[PDB]
Each structure stands twice: as C-alpha cells, then as structure tokens.
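*Asks:* Before I ask anything, here is the structure I am working with.
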Amino acid sequence: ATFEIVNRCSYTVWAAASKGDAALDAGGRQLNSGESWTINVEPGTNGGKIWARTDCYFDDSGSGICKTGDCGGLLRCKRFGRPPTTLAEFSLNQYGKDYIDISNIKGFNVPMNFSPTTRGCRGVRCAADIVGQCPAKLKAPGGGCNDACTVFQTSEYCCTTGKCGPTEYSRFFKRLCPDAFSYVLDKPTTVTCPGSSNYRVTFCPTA
C-alpha cells in the first residue's frame, strides 16, 4: 500500500500517519504548501489513520508541540494525535478488501480528500469550512473544531454504551460534510476498495 500525502493548503501542515501502538513509515513529516510525501504502510494494517497538524514547533531532536493533532509532542507520531483532527481512517487487506473513510468523530481542523490511486472504488471528501462555521461551544481556541465528546464527555456524545442517537453537533458535522462520520454510530460512509490498493490524501483539496 502506497499513500501520497499532498498538502494543497496555503499553510504548512505536519502530516502524521499512525496505527495506534506503532507508526506508519516514518510516522510524520512537514509538508510545506504543495509538497507531496509518499509513504508505504504495511499490508494488513488495521485501523490505521492519517491526519494533519497545524502550527507546530519541533526542536533539533524531533520533540515539540502542535496546536492541533499533537501526538505526544513528536514529529514522527507513534500514537494518535489529540483532537481537533480531521481523520483519514483506513484498514487494509481485510479478507480480500480494503476499507477507507473520513471521520469527524474527533473533530475537524483541515479539509481533506481521501481517494484511491488505483481503480475500482470512489473517494470520500470533507472540504467545507467547518472551522469557520464551528459552533461557539465547539470552537477550539487553538484552531479547529472540537467534537462534542471531547468537549462534554457525556456518555451520549461518546457512545460509551453502544446505544446513542445523533445529536445537534453531530448533525452540524454531517450537514457540511455528509460523506464523513459525524458520530460513532453514524450510517457508515465507508468505501470498499480492492485489497492492496494505493491512495492519496490531499489536504485542502480545493485551493
């Protein structure tokens, strides 16, 4: 599996790719406006995620902090990044197929388009101005748009009991980005691609 992470934004983002307990390829890298970072994720990767970090500062030893997406203060993420983060989620080679999706379940910070390089499936997108129209109670001070579970930590927003319906906030994330998960039990917007496909994550795909 080969992922070409492009940064079409007007601003610099630090891309991160991680699996949860381990990194993917290097684990993270700076993407100045327009740069493209090609990486290899091992086939069979389950639950892998890719996201963007904004307003980062790293010392000469790969250690620092980011205002959104900070993954334990490292340039090469070995863990997931703290919200608000637009998530490009994917699980590879699962009984002969790949599965991809975009998730606002942890908020939104950067627009993105998750689409395949190979043939045989479509590509999800979430490229609206969510941070600009983010509700006040959700507006993340350091930029981005937090999810309701990060802000309120109620069993209903985090779906801790497996029983949970949509919410006003969830409906906000779903009204602007309908092709992306707005809450844990959303009607799945998952795309099924042929196993061993290649993809391309494009930040701000409309600049």
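If you're wondering about the labels, chains in the structure tokens are A, B, ... by order shown, residues count from 1 in each chain, ligands from 1 in order shown.
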For the alpha helix (DSSP H) assignment from backbone DSSP, which residues of chain A qualify? Please present them as a ChimeraX atom specification.

*Replies:* /A:148-152,155-158,168-176

*Asks:* Show me, as a ChimeraX atom specification, the residues that have an atom within 10 Å of residue A:32 when counting only C-alpha atoms, minus same-chain residues fewer than 4 positions from it.

*Replies:* /A:6-14,36

*Asks:* Run DSSP on the backbone and give me the residues of stretch 10-183 of chain A it puts in strand (DSSP E or B), as a PyMOL selection string.

*Replies:* chain A and resi 13-18+23-31+36-40+48-58+63-68+74+87-91+97-103+108+112-116+124-126+139+145+181

*Asks:* Which residues, written as JSON, numbers by chain, have at least one atom at most 7 Å from residue A:44, with only C-alpha atoms counted and residues fewer than 6 positions away on the same chain left out?

*Replies:* {"A": [92, 93, 94]}

*Asks:* To one decimal in Å, tell me the separation between atom CA of residue A:21 and atom CA of residue A:71.

*Replies:*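 These two atoms are separated by 11.8 Å.
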
*Asks:* Could you jot down the atom CA of residue A:37 to atom CA of residue A:191 separation for me, Å, one decimal place?

*Replies:*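 Atom CA of residue A:37 sits 23.2 Å away from atom CA of residue A:191.
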
*Asks:* Can you write out as CSV which residues of stretch 15-110 of chain A fall within 12 Å of stretch 164-185 of chain A, alongside each residue's closest atom pair and its distance in Å to one decimal, counting only C-alpha atoms and ordering rows by chain and ascending residue number?

*Replies:*
residue,atom,partner,partner_atom,distance
A:86,CA,A:180,CA,9.6
A:87,CA,A:180,CA,9.3
A:88,CA,A:180,CA,9.6
A:89,CA,A:180,CA,10.3
A:100,CA,A:180,CA,10.6
A:101,CA,A:180,CA,6.9
A:102,CA,A:180,CA,4.9
A:103,CA,A:181,CA,4.7
A:104,CA,A:182,CA,5.3
A:105,CA,A:183,CA,5.2
A:106,CA,A:183,CA,8.7
A:107,CA,A:173,CA,8.3
A:108,CA,A:173,CA,8.7

*Asks:* Can you pull out the residues contacting residue A:132? Cut-off 12 Å, using only C-alpha atoms, and skip same-chain residues under 4 positions away; I want them as JSON, numbers by chain.

*Replies:* {"A": [108, 109, 110, 111, 127, 128, 136, 138, 139, 140, 143, 144, 145, 176]}

*Asks:* Could you name the residues that touch residue A:197 at 9 Å or less, counting only C-alpha atoms, but leaving out those on the same chain fewer than 5 positions away, as a list in words?

*Replies:* residues 1, 2, 92, 97, 98, 116, 117, 118, 119 and 120 of chain A

*Asks:* Could you tell me which of A:188, A:62, A:48, A:43 comes closest to residue A:23 if we count only C-alpha atoms?

*Replies:*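 Nearest candidate to residue A:23 out of A:188, A:62, A:48, A:43: A:48.
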
*Asks:* For a quick check of understanding, using only C-alpha atoms, which of A:84, A:202, A:91, A:39 has the smallest distance to residue A:150?

*Replies:*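 Checking each of A:84, A:202, A:91, A:39 against residue A:150, counting only C-alpha atoms, the winner is A:84.
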